Each structure stands twice: as structure tokens, then as C-alpha cells.
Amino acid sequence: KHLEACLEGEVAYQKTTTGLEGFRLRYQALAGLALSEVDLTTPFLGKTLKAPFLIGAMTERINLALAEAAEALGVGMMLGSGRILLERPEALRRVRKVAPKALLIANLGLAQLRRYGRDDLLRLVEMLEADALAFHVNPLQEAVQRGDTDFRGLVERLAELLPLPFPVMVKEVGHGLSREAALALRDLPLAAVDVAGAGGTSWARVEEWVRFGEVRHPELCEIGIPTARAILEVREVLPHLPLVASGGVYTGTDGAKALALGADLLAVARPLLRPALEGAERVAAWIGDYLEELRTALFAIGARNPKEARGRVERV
């Protein structure tokens, strides 16, 4: 569906980048620490993850694979647009069968707050038996896919539905959250921001690859906040909220770089998707590769753990 674009099309950004190639890892030959004691263990949205990683949201055989990998690996998982479920409740025909203990994030999209209402959300979130809810905010994509294009007053509605019984994050989808995105999110009691930055998959470009099987407006589709900038920007404003770096953060090294710009967890999506198509055990491989690298990067930089990486980079 979109599935065909992510899999088949040149949907990756063609000119913007995460910006992380702009930073270089401060390498610490004499840090006198031991691979050994670089500890990926990171708590998130109230479950203790085994490394600071979320399989990032994608859109029913695919999820099952990720879901098992998530379990096997003590990573976390966001869970496509539950958009359908909010008036098709037995399209829950759903992932906790293969993933009891894993951290599930249900994900929704701020816009849906305009049809649905608190209950609908408590009901979604338990429908999926998730641990938290991601609202995805996504104007460009939406604009581009000639889709529901009204983000007007979304934040107030979020604002007032607030401190919901489960954790809530706002994320973007890869055209990224700005400084001012964040000033808006500023005291909504959210549990997490996913900055979902520019650099990897462009939803814009995706959307158009569906409309025209090619990208008519290469350039619009590059609109966005390159992940590194977004981390930097968002953190500067929310010192305390846990930041998810996602958006073209496709290698664990890049991951560390991300961590070092002050982020907290990493998330991947499009790259995870093909593996997703040959089952967990494979996905599982991909992810644990990323963390094996990550660990190593963190070790190279003298960080004993993902939080200890803030600062450990300089402008290439």
C-alpha cells in the first residue's frame, strides 16, 4: 500500500540529512573503561528497556515479527496508526500474543483527537494493551497526501485531555519537531517527545510516491528539521522530557551520535521494515546488530551508558 513505497521507492530524503555526519564522536582510547561495563539499560514510559531503542511505528504480519523481536531484545515498539480500531474494534484481530512483557506504544496522531475522545483513547490503548500512546503530528505528509489537513487547535485538545491514565508522547514522522513545536508542547505533561527528524524516510516524498510513483516536488519533500538539529532544538526547550531520536538514525554509531546530542532513546523505522518481512529472528538480528554497534560506539566515546554520551561529540 504505502508499504510498496517504503519497500520499493526512493522515499529516503535526497538532500536533507539527519545532520549527524556533521558531528564527530569524541573517541577515547584512554577512557579505561571496559566494553563489558557500557550498560544499554534504559527505563522508558515506565517499563525498563534493555537498550535505548524503539522499533519505530510502521503500517499486521510485519508487526508480529517486530513484536517478537522487541520481546527477544528488550526494546520497545510503536504500533502503526490505530486509526482503523477507533471505529473497527475487531480489526484488533494486536501483538501482545507474541510480546507479553515488551514496551508497546500505541500510536494515533494528534489529528484523530478531533473525531475521538478521552474514552476512545483509554479504550484504544487497552484494546492494544499498550503501555503508552504516541500522538503523531504530521502536517506536511498530510498536506502532501491530500489528506485531513486541519491541525488547527490540536494542541489545546491534547492539552486538555491531558494527564491521561497511561503515558503520552507527541512525535513527528520524519519531517521533525522544531524549537517552536517544542515550545508548544511545553507543559503539556507529556512523558516523551519523539523528534522524528529529517534525514531518513521523508513522509512527503512517500506520500508523493503513492500519488505519482515518482516525486514531482523533490524539494517540498525535503522540508523538515534534520534529526540532529531537532534533538538539539527540542532539548534546549524540554531539558527533562525523554527525547527519542528517530529520522534516519539507522546505524548504532549514528545512534550514539544522536545520544550524544542529548537524546535518550533511538528509534528506527524504515530500515527495520524489510527484515520485518522475513520475520523476527531476522529483525532481531538487525536490531541486536545496531545495539552491538551502539555499545561499541558508546565504549569508543567513554560513555559507560547511553545518558553518559551527552557532550561526547564535536562539530566535524
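Start at 1 and count along the sequence shown; that's the residue number.
Relative to the deposited sequence, how many residues with no modelled coordinates occur between residue 253 and residue 254 (none, 1 to 3, 4 to 9, 10 or more)? The entry has no unmodelled residues between residue 253 and residue 254.
Size class of the missing deposited segment between residue 240 and residue 241: According to the record, the chain runs unbroken from residue 240 to residue 241.
Greater mean Cα temperature factor according to the PDB record, 121-129 or 186-194: Higher of the two, by average CA B-factor, is 121-129.
Greater mean Cα temperature factor according to the PDB record, 7-15 or 293-301: Stretch with the greater average CA B-factor: 7-15.
Per the entry's Cα B factor values, which of 175, 235, 114, 152 stands out as the maximum? The listed residue with the largest C-alpha B-factor is 114.
Options 30, 34, 280, 45 - largest CA temperature factor per the record: In this record, 280 carries the highest C-alpha B-factor of the candidates.
Comparing residue 213 with the other modelled residues of its chain, is its CA B-factor in the lowest, middle or highest third? It falls in the top third of the chain.
Relative to the other modelled residues in the chain, which third contains the C-alpha temperature factor of residue 270: lowest, middle or highest? Middle third, going by the recorded CA B-factors of the chain.
Among the modelled residues of this chain, does the Cα B factor of residue 54 put it in the lowest, middle or highest third? Residue 54: CA B-factor falls in the lowest third of its chain.
Just say lowest, middle or highest third for the CA B-factor of residue 200 relative to the other modelled residues in its chain. Residue 200: CA B-factor falls in the lowest third of its chain.
When the modelled residues of the chain are sorted by Cα temperature factor, does residue 99 land in the lowest, middle or highest third? Answer is highest: the recorded C-alpha B-factor places it there.
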